[PDB]
Structure formats: structure tokens, C-alpha cells
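Notes to accompany the following structure.
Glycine gets a Cβ as well: all are built from the backbone with ideal geometry, and neighbour counts include every protein chain shown. What follows is calculated from the coordinates using simple rules that are stated; it is not laboratory data.
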Amino acid sequence: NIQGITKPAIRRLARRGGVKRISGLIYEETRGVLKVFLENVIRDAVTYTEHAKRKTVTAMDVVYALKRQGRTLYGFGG
Amino acid sequence: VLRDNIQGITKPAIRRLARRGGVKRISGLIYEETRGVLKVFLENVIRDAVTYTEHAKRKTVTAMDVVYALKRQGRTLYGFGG
Amino acid sequence: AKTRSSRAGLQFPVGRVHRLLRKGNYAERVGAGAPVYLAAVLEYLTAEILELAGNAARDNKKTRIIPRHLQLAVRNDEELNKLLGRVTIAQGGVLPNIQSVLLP
Amino acid sequence: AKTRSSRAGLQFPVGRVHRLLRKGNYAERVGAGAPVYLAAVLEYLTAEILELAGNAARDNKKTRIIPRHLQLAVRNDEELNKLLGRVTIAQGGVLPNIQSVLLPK
Amino acid sequence: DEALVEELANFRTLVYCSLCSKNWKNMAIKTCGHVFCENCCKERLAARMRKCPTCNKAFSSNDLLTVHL
Amino acid sequence: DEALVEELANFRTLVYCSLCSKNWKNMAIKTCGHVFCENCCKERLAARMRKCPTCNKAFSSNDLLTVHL
Amino acid sequence: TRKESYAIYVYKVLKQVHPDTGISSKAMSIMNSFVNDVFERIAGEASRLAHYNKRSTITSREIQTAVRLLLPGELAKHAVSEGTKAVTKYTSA
Amino acid sequence: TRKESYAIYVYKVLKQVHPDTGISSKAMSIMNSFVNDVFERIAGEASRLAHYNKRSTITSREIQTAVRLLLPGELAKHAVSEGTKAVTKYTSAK
Amino acid sequence: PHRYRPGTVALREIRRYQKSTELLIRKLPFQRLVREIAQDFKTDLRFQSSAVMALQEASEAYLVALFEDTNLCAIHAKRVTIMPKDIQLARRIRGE
Amino acid sequence: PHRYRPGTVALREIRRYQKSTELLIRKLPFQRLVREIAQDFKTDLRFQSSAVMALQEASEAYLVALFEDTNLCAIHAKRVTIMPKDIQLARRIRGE
DNA sequence: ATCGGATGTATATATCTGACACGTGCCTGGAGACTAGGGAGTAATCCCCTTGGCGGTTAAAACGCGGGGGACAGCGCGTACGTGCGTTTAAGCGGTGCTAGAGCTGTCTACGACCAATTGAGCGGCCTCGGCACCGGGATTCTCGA
DNA sequence: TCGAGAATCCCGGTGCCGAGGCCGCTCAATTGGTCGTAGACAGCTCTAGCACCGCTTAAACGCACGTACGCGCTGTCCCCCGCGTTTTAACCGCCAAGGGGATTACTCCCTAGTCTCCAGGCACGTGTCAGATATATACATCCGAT
Ligand SMILES: [Zn+2]
Ligand SMILES: [Zn+2]
Ligand SMILES: [Zn+2]
Ligand SMILES: [Zn+2]
């Protein structure tokens with residue numbers, strides 16, 4: 001579940017971002033932020049994959065769902 | 001031609017907008033900074049209205065070109081015939 | 001000779017919507033049951049906002065609807081505010097609020 | 001029999017663009033010289049980025065462009081960075097930058 | 001004399017940027033080694049012209065090195 | 001008129017190597033932007049004179065760049 | 001010449017919810033623009049959504065799912081039901 | 001079945017600027033998806049201009065004024081200058 | 001000599017101006033500015049009254065919405081006065 | 001023995017991760033998280049590998065772009081440690 | 001904390017006009033009825049790809065301890081900004097005049113849709129070797145307690 | 001100030017699998033006519049955008065004065081970074097089963113297209129009353145002396 005996003009994994013993203021010191025309460029805040037974004041993308045992906053009477057959500061549905069939210073993504077076709 | 005009309009935006013006029021915004025105390029060096037932000041927002045909008053108004057072979061800006069220009073930047077405006 | 005909108009039971013025009021949808025370069029063909037479905041959704045949203053506007057006008061002892069009531073009703077409701085996110089209403093105004101720390 | 005692209009002195013295909021414009025429900029009719037104008041623009045933009053990426057592909061002592069080299073081409077120039085302002089290139093990375101307050105004295 | 005002026009004119013062409021003929025040569029390109037002034041070079045970089053006026057070799061912004069005297 | 005004689009000498013010392021005064025400034029240093037002649041450069045590397053004369057700093061093998069004119 | 005609008009229909013709807021109020025001409029234009037924007041961006045999603053599936057007709061099913069991708073949360077659950085309840089009546093008669 | 005892409009034309013363009021330089025599959029797949037994104041934007045903007053003025057044909061003018069509306073600043077000048085030079089060559093050809 | 005504490009009058013103007021809906025800039029000075037700006041793209045141009053009014057109706061909203069977010073960055077730094085370094089940060093975080 | 005001053009390792013690892021290019025979160029737990037989140041919309045679903053890869057790439061990009069905006073408003077308060085209030089202020093200003 | 005004086009904010013009654021609501025003429029766009037053909041619904045099938053399970057390495061995660069730098073609170077000072085008053089400037093409103101440009105109408109010609117016949121360009125399948133990945137050794141640079 | 005120690009870079013050798021070229025083969029772009037409607041052009045009407053002047057008078061402007069707040073400094077203490085040891089499960093390689101995604105025939109009925117007819121929505125005209133404006137009055141609020 002949501003406990004698979006471990007503290008070193010969270011801190012590596014912060015290091016790439018460019019921070020130098022991290023307070024101890026950050027991880028709990030960021031997990032609940034990521035969980036909200038994933039739901040928003042997946043709901044549209046599932047609606048797209050359900051309109052076409054399919055049973056497997058494909059990569060193009062994810063690409064379209066990302067595209068209509070103001071976030072396009074190159075490198076997966078289309 | 002007409003020049004240096006940027007000083008028509010007076011200090012009380014700028015402060016009245018900040019009052020509606022909600023601030024309470026205003027620093028001294030805010031008016032010059034703010035006058036440079038409104039002069040940039042009015043170039044992007046007008047450069048598109050002028051582009052619209054010359055593709056139609058007209059030589060007068062209408063009230064629909066401004067609405068289209070504002071819509072093209074994700075700033076749709078209701079009330080003027082949009 | 002009955003109108004196409006009275007059969008469905010709506011107040012909005014079905015034929016006008018059909019010809020507007022069949023002439024805006026959307027698709028090569030338009031199904032028969034599409035305008036009936038689309039003209040029933042356009043009627044619900046306008047009533048939804050026009051009831052809140054009426055209540056806001058009534059709370060101010062007036063008997064008309066000036067643009068301020070529209071802005072108040074839109075900004076006071078979460079779903080409507082989210083739907084009408086990046087849109088501005090002329091002569092609208094602003095929702096009254098003051099930061100808590102600023103008060104004495 | 002020559003091709004329209006060769007007659008117009010281009011590299012991109014004009015007939016395919018002409019067909020794509022027609023079969024897309026954009027307008028009822030399509031002018032004659034519209035594809036020959038639209039295909040000359042799609043090629044200049046491609047040649048710009050493929051020229052800006054070859055310098056990055058060389059400063060790292062490589063001879064084959066990879067997505068990381070395309071990432072550094074559209075982020076070091078205002079003109080292209082403002083056009084691709086909301087695009088996430090896969091396997092791109094970030095741009096090296098450290099705030100000046102963090103460094104030691 | 002003319003020879004004294006000619007050497008003055010000959011050396012004048014070496015100190016000033018050929019494009020501008022108004023400022024001392026200040027900016028040099030690593031790829032080709034040619035030296036021009038800093039002012040004339042920058043406006044070219046904003047005109048999307050990355051080819052050397054002399055040796056035609058392509059260059060980029062990072063290949064710009066300042067020179068002294 | 002000595003008025004333009006001084007300019008030529010000022011022009012001459014600018015382009016001539018300040019060390020030998022016999023060669024053009026055709027070998028510049030990448031580290032600090034100074035320019036000298038190739039004649040006065042490699043003689044210093046014989047004794048490992050990595051310290052530049054003008055600003056007095058060290059250098060390397062890739063800090064010397066060929067320049068023209 | 002003439003020009004079309006939704007004025008009469010909006011007034012007819014208004015006299016149903018509040019039978020004793022009115023509306024000003026300046027707010028009428030706002031109400032007329034809102035219904036043109038919503039209809040424009042609902043029917044613009046169906047044409048693109050039918051192109052993905054290599055279809056040629058936009059039917060009621062392409063709109064039932066185009067409404068679900070725009071209206072947030074509670075609004076969609078009511079709009080879909082009211083749209084569906086209207087087609088059944090029309091088909092029967 | 002068949003599938004179409006600009007992978008053959010991008011490679012031809014690349015060998016005119018950098019004579020000896022390859023390109024990997026991921027880079028090709030990105031450069032392929034960028035052209036479609038630009039093409040879908042230009043034509044999509046040009047259609048609304050035709051609709052606004054009660055016209056029915058997309059001629060060369062709408063493309064020119066749609067390029068001048070999307071590309072920022074100095075790119076538009078070069079794009080227009082490169083398009084209007086290809087069109088005149090095409091029209092006066094064989 | 002009946003004066004007021006420094007801020008009780010400015011705290012009332014907020015209530016006054018958050019309840020009324022009207023333009024806050026002078027019409028002629030604002031209209032001259034548009035004509036001055038729009039004479040570089042193309043000379044000898046003409047405007048409708050509605051075009052100028054619609055151009056003015058949007059700048060008010062833009063400036064008001066910008067002054068609301070720069071008041072949060074000043075609160076974040078334990079202040080009540082807004083300095084020019086807040087307008088830069090608020091404008092940079094939303095990308096412009 | 002031998003130790004390092006607090007901060008040097010942080011700077012070197014910053015320099016390290018801003019030069020590489022692979023994914024930072026482990027793959028199998030993320031796949032499990034996606035499969036669990038998707039269960040509340042429609043049961044008995046199937047996923048392609050490319051869909052999960054695209055989801056991971058988008059999530060990484062979003063989180064990386066947000067951690068570099070919270071840092072910029074952490075410095076504004078003359079501070080060098082990021083905080084949940086900084087994250088909340090950044091999200092509020094961005095316009096969520 | 002407890003009164004008091006002054007100031008700005010609600011509260012109640014004329015009056016008066018310009019915009020809202022309603023009525024009528026008329027014309028064009030929407031409703032009926034019938035026809036033909038192509039898009040879409042349905043059945044069969046086959047083969048790729050997704051799910052599930054098993055065993056070994058080992059790389060990454062978890063936990064604990066020391067201590068030193070950074071977050072935070074309290075103080076003091078002095079410059080910048082809020083508040084009020086008198087004087088000056090230009091905006092707002094009204095009225096008149098003139099003409100440049102928007103909007104509509106009638107011609108007609110050149111340009112783009114449409115169809116039959118050709119052929120060469122671009123796509124699918126296969127080979128191959130060289131650029132890049134990886135590992136083992138020195139050489140140079142960076143940090144910290146003296 | 002600079003030596004000990006650890007991290008990082010330049011170089012050489014080995015190997016492998018994906019980019020780059022080649023070939024055969026459909027089917028889509030090219031020629032060549034034909035026709036009918038969209039649009040370019042000339043002319044006319046009339047309206048609304050621009051320019052100018054005179055008269056209030058509201059608001060922008062400059063100045064004096066006081067004080068609340070921004071900023072710099074100092075001190076205590078607690079919590080996050082660095083480093084070592086131990087426990088976990090991620091990752092790689094391998095195997096097998098069957099589901100459903102994609103493809104191909106076949107039919108049938110639903111939407112485009114045309115002609116006819118008439119009522120509904122639009123332009124224009126008119127009454128009248130809801131709210132803006134002014135004025136006298138009641139009261140909540142705030143800063144000071146105590
Ligand atoms: Zn020069
Ligand atoms: Zn050169
Ligand atoms: Zn020398
Ligand atoms: Zn030096």
C-alpha cells in the first residue's frame with residue numbers, strides 16, 4: 001500500500017529537487033499529496049478504458065488522461 | 001504622438017486596488033514595481049487583438065477581438081458578448 | 001404537428017441544438033438521440049445557478065438579479081466555483097474576507 | 001513525374017500533410033498552397049532542435065543522440081523553453097542548479 | 001606621411017570589430033579562434049545565426065571566451 | 001605630429017607581445033583571458049611556469065588556445 | 001438581419017424556480033455567454049473522443065461519457081441521470 | 001498492418017545539419033511525437049480563424065496568421081520568412 | 001486634534017472597497033495609455049468604446065487577484081507590510 | 001576516527017542525483033500501489049507495462065517539480081529547512 | 001477594567017425617471033413524408049501477452065547513538081509610513097460638427113471537389129559489426145583537524 | 001597554515017546487441033479532365049468614432065508630525081545529520097496456462113437528402129413602477145481620562 005513509498009525514496013526526490021535540510025514531518029505530508037494526484041489521473045484513465053468496452057487499461061489511455069489535465073508527456077507514442 | 005502616459009496610474013489609484021485586495025500596510029517601493037507589471041500584461045493582450053483585427057482587413061479594434069485574445073490565454077471573460 | 005422539445009419535455013430548443021451541432025464541424029454524422037440528451041444537460045446547470053442567484057438576490061431585499069448576485073452564488077459554492085475556475089464576471093466584485101492575523 | 005515536395009524544394013512530405021488536413025474535419029475545403037506552407041514550418045522547427053541537440057551530444061563525447069541531450073536543448077534557450085513550457089520529456093532529468101545561499105563560505 | 005598613416009590604418013583594422021568598427025575586439029570563439037567585440041556578437045546570438053562570419057563553422061554560446069588587449 | 005605617433009605605438013604595444021615585442025598576440029590563455037605570442041608560451045612550460053605573468057595564476061595543457069588576428 | 005440567443009428559454013426557466021423575480025439586461029448577457037461556453041466545451045470533447053475509436057457518428061453514449069470527464073463530482077451524478085431520463089420519454093413517444 | 005511516422009524524414013533532415021551523428025530509438029520516438037503535437041495545434045488554431053469570419057476554406061493566410069499567434073517572439077519571423085519563400089518557389093515552378 | 005490610531009482607518013477601507021463593485025482607475029488616463037501602447041504594432045488605429053471598457057475590466061481583476069497572493073507571502077515571513085520581493089516570488093511561483 | 005561536517009555529504013549527493021537520469025522510486029511497490037488505488041473504480045482490471053511506466057514517470061516529474069518550489073519559499077523566510085507550511089503555501093499559490 | 005464624547009454607519013419617508021415587461025406583424029427556419037446506401041452490430045478464431053509461482057544474490061532498508069548547528073524567543077533602536085489639512089489640477093458632463101469606414105447588395109469568373117488509370121515510394125523482414133557498457137589501475141583533487 | 005585520508009577522474013582492454021543498410025512488394029500519390037459554387041470586386045448608405053469648447057468641483061498633491069514595526073543582536077536546547085550493524089524483500093532468470101485483442105465475413109436499419117407547408121421566434125412600439133437620490137434620525141464604535 002502507501003507504505004511502500006519509503007523515507008529514503010522520498011528523500012532522494014528532495015535531493016534531486018535541491019534541498020539540503022528536511023524536517024521530520026515532510027514524508028507524511030508528501031504521501032497524502034501523491035495519493036491525491038494518482039487518483040485524479042487514474043479515474044480519467046479508467047473512464048477512457050471503459051468507454052471502449054475494454055478490460056485492460058492501456059498506455060494510450062494514460063497518455064490522453066494526462067494530456068487533458070494540462071500535462072502532456074512525450075516518449076510513449078501519439 | 002502621446003508619451004509617458006504611464007504616470008496616469010496614480011498612487012491613490014494603485015492603493016485603492018490593494019485595499020480591495022486585502023492588504024493593510026504598503027511599502028514605499030511598491031508603486032514603481034506595480035507600474036511595470038501592468039505595462040507587460042497590456043502588451044500580450046493587445047498584440048493578439050491587433051493580429052485579429054488585421055487578418056479581417058479592418059482598421060478598427062472591435063469588442064470581440066479583445067474577448068478572443070483574452071480567451072486564447074485562459075482568461076475567458078463573460079459579459080461583453082462572448 | 002408537435003415540437004421535438006415538447007415530446008422530450010424540456011424548455012430548451014432541440015432543433016436549434018441539432019442544427020448547431022450538425023454544422024459546427026464536429027463529426028461527419030450526428031445521431032438522432034444526441035440533441036435530446038445534450039439539451040437536457042444545458043437546462044439543468046442554468047436552473048442550478050439561477051436558483052442560487054435568486055436566493056442571493058432575495059437575501060438583499062431586492063427583486064431583480066444584478067451581476068453581483070451571480071458572482072456571489074458562483075463563488076459561494078464549491079462545485080460551481082471549480083467548474084467556473086478561470087473565468088471572470090464583469091462588474092462582479094470580490095468575496096468579503098479579511099486575514100485573521102491582521103485584526104487587533 | 002516529380003513529387004510536390006521536390007517541386008517545392010522541401011524535405012517533408014506535402015501529399016501526406018494535404019491528406020491529413022482533409023481527413024481531420026478542420027474545414028469543408030482546403031486551399032492549394034496551404035500544405036506547402038505548413039510543411040515548410042514543421043521542418044524548420046525540427047532542424048532547429050536537431051541542431052541544438054547535436055552540440056550537447058558532442059560536449060559529452062558521444063556520437064548518438066539520447067533523450068538526455070534533447071532535455072538540455074529545450075531548457076537552455078528561452079524561445080524553445082517558452083514553447084515547450086508544459087511538456088515532460090521521458091528519461092530527461094533536470095538542469096543542474098544550486099541556490100547560492102546553500103553553498104559554504 | 002601616407003606610409004605612417006597606412007600602418008595606422010592597417011593596425012586600426014586589427015583592433016576594432018570588423019562588423020562594428022567602433023569597439024575593441026573583445027569576444028573570441030573557441031571553435032575557430034576568431035576575435036570580435038562582445039556587443040556585435042550577442043545580437044547575432046539573438047538573431048538565431050550560429051555560423052561564424054569568417055570561417056562559417058557552427059558555434060554556441062558556451063564557446064564564447066573574453067580576451068584582454 | 002606626435003599626436004598620432006603615440007597612437008601607433010599604443011597600437012603597436014597592444015598587438016605585439018609585451019614580453020618579446022617581436023611577435024603578434026596569437027596564443028591566448030583560456031584561464032584568465034590574456035593573450036601573448038606562441039614564442040613566449042612554450043619556453044615557460046620548459047621550467048613548468050604554470051603561473052601567468054599578468055595576474056599570476058597556474059594553468060595546464062588545455063588552457064592554451066590558438067587565436068588569429 | 002437578425003441574431004439568435006437563449007433569452008426566451010432562460011426567462012422561461014427562471015419563471016419556474018422563482019415565479020416572482022426578474023433579471024436585468026446586463027446579467028442576461030452573462031447568462032447567455034455561460035450557456036454558449038458550456039455547450040461549446042462539452043461538444044468539443046465528444047468529437048475528439050469519437051476520433052480515438054475510429055468512429056464517425058457522435059451518439060448519446062459519446063455525450064454521456066463526455067459529461068463525466070468535465071463536470072466535477074456531485075454535479076455529474078445528477079446531470080447524467082436527468083439526461084438519461086429525458087431520452088426515454090422521447091423514444092417512447 | 002501498416003503504421004506511418006516521420007522517422008524517415010527526421011533522419012533525412014538530421015544528415016543535413018550534422019553529417020555524422022546517429023539517433024537512438026527513444027529520441028526518434030520523442031521527435032516523432034513532437035511534430036504531431038505542433039501540427040495538431042497549428043491547424044486547430046487555423047480552423048477557428050476560418051470559422052470566425054464566416055468562411056469555409058483554409059487557405060495560406062490562416063496558416064500564416066496562426067503561426068504568428070503560437071510561436072513566441074523571434075521564432076515567428078523566421079518561420080514566416082521560410083514559409084513564404086517555399087510558397088513562391090512552388091507556385092512559379094514547372 | 002482628534003486623531004486615530006495608525007491603522008484603524010486603513011482597516012475600514014478594506015470593508016468599504018470589498019462591498020462595492022465599480023472601476024477604480026480613471027477612465028481618460030487609462031484610455032490614453034492603451035492608445036499609446038497600441039501605436040507601435042500598427043499606426044493610425046481606431047478603437048470602440050466597448051473594446052476599451054473590456055480591456056479595463058480585465059486589468060482590474062488581474063491586479064486584484066495578484067495583490068491577494070502577495071499578501072500571503074508577507075504573512076509567511078512574519079510581516080504585515082508587503083515589499084517588492086513578494087511580488088517577484090508570487091509571480092515566479094505560478095510561472096510568469 | 002574520521003567524520004564529515006553536516007552538509008558536505010548532502011551537497012555531494014545533490015550534485016550526484018542532478019546528473020543521473022533513472023527512476024528513484026522502487027518499481028514493484030509502486031505497481032502494487034497503483035493496482036490497489038484502481039480497485040475502487042472498477043474491479044477486475046488489467047494493466048500494460050507501459051501504462052505503469054508512464055504513471056511512474058509523471059509522478060516523479062510532478063514531485064520533483066514541487067520539491068523545488070517549496071524550497072524557494074522556504075528560503076524567503078530566512079530559513080534553510082523545508083516545512084509542511086511551506087508545501088501548503090506553494091500548493092495554494094500554484095492554484096490547486 | 002469603567003464612563004464619555006465624538007464620529008461614522010444603519011434606518012425611515014418623499015419623487016421621479018428610465019428600463020423592464022408585454023403586445024403585434026410577418027417571414028424564414030423547423031416539422032412531415034419518402035428513398036437509398038453505407039456504417040455499424042454480431043459471430044468466429046487465433047495467437048500474443050498478462051498473470052501466477054519458484055529459487056538465489058545481495059543491495060537497499062531498518063535501527064541505534066553521539067553531538068553540533070540551526071530554529072526560536074526576547075530586547076532595543078531608529079527610520080519609514082499613516083493621518084490630517086490647505087491648495088491646485090485636471091476629470092466628468094453637456095453640446096455641436098463633420099467624414100472615414102463598416103455593412104449590405106449584385107456579377108461572374110477562376111479554383112477546388114470528384115473520378116478513372118499508373119507507377120514508384122515507403123514499409124515489413126534480415127543481417128552485421130562497431131559504439132557504448134563495464135571492470136581494473138593509477139593520478140589528481142577536496143576536506144578537516146593540526 | 002598543510003599532511004592524511006577519502007572520493008573522483010583519465011586510460012586501457014574486452015564484449016555484445018541495436019542502429020544502419022538492403023530487398024521485395026503493395027497501394028497511395030500523380031495526371032488528366034469536368035463542373036459548379038465560394039469569393040473577389042465595385043457601388044451605395046448611414047452611423048459612430050473623433051475633435052473642440054465651457055463649466056463645476058472631486059480628487060490628486062505637497063507638507064508636518066508622531067509612533068508602531070522592521071531589523072539586527074544574543075542566548076539556550078533539541079533534533080536532524082553521519083556512521084555502523086543487522087534484517088528484508090527486490091530483482092533476475094525460468095516456466096506454464098488461458099484470456100481477450102485484433103482480424104475477418106455478413107447483414108440490416110438508421111441517418112443524410114429532397115420537397116412541401118406553416119407557426120414560432122424576432123424586430124418594433126408603449127405603459128408604469130423599482131430603485132436611485134436626498135434628508136432627518138437612531139445607534140454601534142472607538143480613543144481618552146480615570
Ligand atoms: Zn563589433
Ligand atoms: Zn570562425
Ligand atoms: Zn613574445
Ligand atoms: Zn592572468
Q. Is any helix in chain I, taking whole DSSP H runs, at least 30 angstrom long along its axis by alpha carbon and on average at least -0.5 on the Kyte-Doolittle scale, and which ones?
A. I:49-76
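What is chain J's relative contact order, in percent, from Cα pairs under 8 angstrom and six or more apart in sequence?
18
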Q) Over the range A:1-76, how many percent of alpha carbon pairs lie in each 10 Å bin up to the one with the longest distance? A) 16, 35, 32, 15, 2
Q. Where a Cα-Cα gap under 25 Å defines reach, which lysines qualify for residue J:78, not counting those fewer than 8 residues away within the same chain?
A. A:20, B:24, D:105, I:78, I:85
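Under the definition of partner shielding as Cβ atoms of other protein chains within 10 Å of a residue Cβ, what is the mean value for peptide F:7-13? The partial results should precede the final answer.
Details: counts 3, 7, 0, 2, 7, 2, 1.
Partner Cβ neighbours, averaged per residue: 3.
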Q) Using unit Cβ charges (K, R positive; D, E negative) and no other charged atoms, how large, in debye to the nearest 20, is the dipole of the range G:20-85 about its Cα centre? A) 360
Q: Kindly state, to the nearest 0.05, the FRET efficiency for residue H:91 paired with residue E:16, given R0 = 51 Å and r defined as their beta-carbon distance.
A: 0.65
(Q) Run the paramagnetic zone check for residue H:55: 7 angstrom along Cα to Cβ, then residues of the range D:34-69 with backbone nitrogen under 16 Å. (A) D:34-38
Q. Quick one: if the Förster radius is 22 Å, what FRET efficiency do residue D:7 and residue D:44 give, using the C-beta to C-beta distance and rounding to 0.05?
A. 0.70
Q: Give the residues of the range H:32-69 whose amide nitrogen is closer than 14 Å to a point set 7 Å from the Cα of residue D:86 in the direction of its Cβ.
A: H:41
Q | Selection from F:60, F:33, F:18, by position along the positive dipole direction of the range F:2-66 (Cβ) | A | F:60
**Q.** Label-to-label distance, nm, for residues given as residue J:80 and residue I:13 (7 Å Cα→Cβ offset)
**A.** 4.1
Q | Peptide ranges J:32-45, G:55-68 listed from the most packed, as the mean C-beta count within 10 angstrom indicates | A | G:55-68, J:32-45
Q.
Angle check, please: helix D:35-59 long axis (alpha carbons) against the longest principal axis of chain D (alpha carbons), in degrees 0 to 90, nearest 10.
A. 20
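What number, in percent, do you get for the relative contact order of chain H if the mean sequence gap of Cα pairs under 8 Å and at least 6 apart is divided by its residue count? List each step's numbers first, then the result.
Numbers: 29 pairs, mean separation 16.4, N = 94.
Averaging sequence separation for qualifying contacts and normalising by length gives 17 percent for chain H.
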Q: Can you list the distances in nanometres, one decimal and ascending, from the residue J:79 label point to the identical position in each other copy, with the point 7 Å along Cα to Cβ?
A: 1.6
Q | Using alpha-carbon coordinates, inclination of helix H:60-70 to the longest axis of chain H, degrees | A | 70
Q: Using amide H atoms built 1.01 Å from N in the peptide plane, name the residues 5+ places from residue F:57, or on other chains, whose amide H lies under 5 Å from its own.
A: F:52
**Q.** Shortest-first distances to equivalent copies, position residue F:69, nm, label 7 Å out along Cβ
**A.** 2.2
Q. When you count, for each residue, the other Cβ atoms within 10 Å and take the mean per peptide, how do H:80-86, J:3-9 rank with the highest first?
A. H:80-86, J:3-9
(Q) Translational diffusion coefficient of chain J at 25 °C, 0.890 mPa s, Stokes-Einstein with Kirkwood Rh over Cα pairs, in µm²/s as a whole number. (A) 147
Q: About the Cα centre of the protein assembly as shown, how large is the charge dipole given +1 on each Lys and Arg Cβ and -1 on each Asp and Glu Cβ? Please answer in debye to the nearest 20.
A: 1880
Q: Would you be so kind as to identify which of I:63, I:49, I:82 lies farthest towards the positive end of the dipole of chain I, taking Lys and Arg as +1 and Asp and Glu as -1 on Cβ and the Cα centre as origin?
A: I:82
Q | Å³ per residue enclosed by the Cα convex hull of chain F | A | 89
Q. Just the Cα atoms of the protein assembly as shown: what Rg and Dmax do they give in Å?
A. 32.2, 111
Q: Before rounding to the nearest 500, sum -39500 (n - 2.57) across all DSSP H runs of length at least 4 in chain H and divide by the residue total; then give [θ] at 222 nm in deg cm²/dmol.
A: -24500 deg cm²/dmol
**Q.** Positive-end residue, the protein assembly as shown charge dipole about Cα centroid, Cβ charges, pick of A:17, H:17, D:63
**A.** A:17
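Only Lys, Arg, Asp and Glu count, each charged at its Cβ (+1, +1, -1, -1), so figure out the dipole size of chain A about its Cα centre, rounded to 20 debye.
Details: 16 positive and 6 negative charges, 77 e Å.
About 360 debye.
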Q | Cα-Cα P(r), the range D:53-105, percent of pairs per 10 Å interval | A | 22, 44, 25, 8, 0
Q: Between the label point of residue J:50 and that of the same position in each other copy, find the distances and list them shortest first in nm, with every label point placed 7 Å from Cα along the Cα-to-C-beta direction.
A: 4.9
Q) In nm, to one decimal, how far is the modelled label at residue J:42 from the one at residue A:9, with both set 7 Å along Cα→Cβ? A) 2.7
Q.
Please compute the contact order of chain A in relative form: average sequence separation of alpha-carbon pairs under 8 Å and at least six residues apart, divided by the residue count, as a percent.
A. 20
Q) Which whole number gives the average count of other chain Cβ atoms within 10 Å of the Cβ atoms across peptide D:10-22? A) 3
**Q.** Peptides ranked, highest mean first, by Cβ atoms within 10 Å: ranges D:14-23, D:48-57, E:38-47
**A.** D:48-57, D:14-23, E:38-47
**Q.** Cβ neighbours within 10 Å from other chains - mean over B:25-38
**A.** 5
Q: Set the Förster distance to 51 Å, then compute FRET efficiency between residue A:31 and residue B:71 from the Cβ-Cβ distance, nearest 0.05.
A: 0.85
